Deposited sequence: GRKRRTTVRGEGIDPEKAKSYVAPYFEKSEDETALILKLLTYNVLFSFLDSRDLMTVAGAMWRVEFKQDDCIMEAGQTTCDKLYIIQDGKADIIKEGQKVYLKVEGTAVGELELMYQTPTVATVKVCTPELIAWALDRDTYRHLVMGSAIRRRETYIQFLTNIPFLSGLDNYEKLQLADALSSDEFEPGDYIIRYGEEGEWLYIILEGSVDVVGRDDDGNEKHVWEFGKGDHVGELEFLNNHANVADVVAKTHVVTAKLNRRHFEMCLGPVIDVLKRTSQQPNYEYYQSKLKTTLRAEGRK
């Protein structure tokens, strides 16, 4: 995609009710594919979507076809991902199907079979997806996936899921002394430390040193798990490079390792954190 061609691309518009547009935007907001669009782009994308109904056992797309030039975001229902006759993944409400073929321009990798009495989805055509949504997804996936296969708490994600997490990550560089996370404030970001060291500075206020973390560790999830303001600062001790994830996408991206994060917070290195609770 030429950037100028993406700039001047006029998306189709398919009239729909205010209620349907609102429901679409809620789906686009939590789905990883759209994490970098601003409001006007989200509105345009929603205008280019149209509603599709499937009944149980329908194949939305079939492995090996080349004719499917669309993305589907699931509103209601579930679908099986079937490779070589085996169910290998389950797509639930709010997730998308078809993105791999739109990104990479290959034939349909897997068969997607509705396994609920009905499935209601919203479809998006190849050109709108490529011009308005894709952006630099392919570069983000290729960049981050080298680091993500070495992050301990992400072992519980399969390969497809690690790549999908890359869709919603964004990098930041910090300098010795920079506050990455600041006590008392609202948690919105989960940070993965790709390089450097950081200090967890708690309180009791009393400014008390809690723990030191480094390459491969994560910070910020405690506020996601338990919905409370930051119980501690996180301060760059060296130059730190991070990839971060917005709370929006916490469940969609890390669902399969949310249980590991719970265990981790019940370790002794969270004595400070246990006692505050």
request  = May I ask you to mark the stretches of the deposited sequence that the structure leaves without C-alpha coordinates?
outcome  = 1 to 12, 217 to 218, 292 to 301
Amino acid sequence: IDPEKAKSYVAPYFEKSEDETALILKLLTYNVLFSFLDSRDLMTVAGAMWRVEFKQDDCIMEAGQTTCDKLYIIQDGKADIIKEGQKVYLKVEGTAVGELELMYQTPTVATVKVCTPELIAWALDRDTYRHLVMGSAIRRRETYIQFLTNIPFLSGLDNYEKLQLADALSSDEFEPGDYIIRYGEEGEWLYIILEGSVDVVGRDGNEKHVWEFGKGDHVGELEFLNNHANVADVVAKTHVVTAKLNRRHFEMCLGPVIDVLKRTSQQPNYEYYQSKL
From here on, numbers count along this sequence of modelled residues.
remark   = The stretch whose C-alpha atoms carry the larger average B-factor in the entry, 230 to 238 or 27 to 35, is 230 to 238
Per the entry, higher mean C-alpha B factor between 64 to 72 and 46 to 54 = 64 to 72
Peak C-alpha temperature factor (PDB record), options 154, 114, 92, 180 = 180
inquiry  = For the CA B factor values reported in this entry, which option in 77, 176, 98, 85 has the top one?
reply    = 176
ask   = Lowest, middle or highest third: where is residue 198 by C-alpha B factor in its chain?
value = highest
query = Thinking about Cα B factors across the chain, which third does residue 17 belong to?
reply = middle
ask   = Compared with the other modelled residues in the chain, in which third is the CA B-factor of residue 125?
value = middle
message = Using only modelled residues of the chain, where does the Cα B factor of residue 208 rank: lowest third, middle third or highest third?
response = highest
message = Could you place residue 142 in the lowest, middle or highest third of its chain by Cα temperature factor, using the values in the record?
response = highest
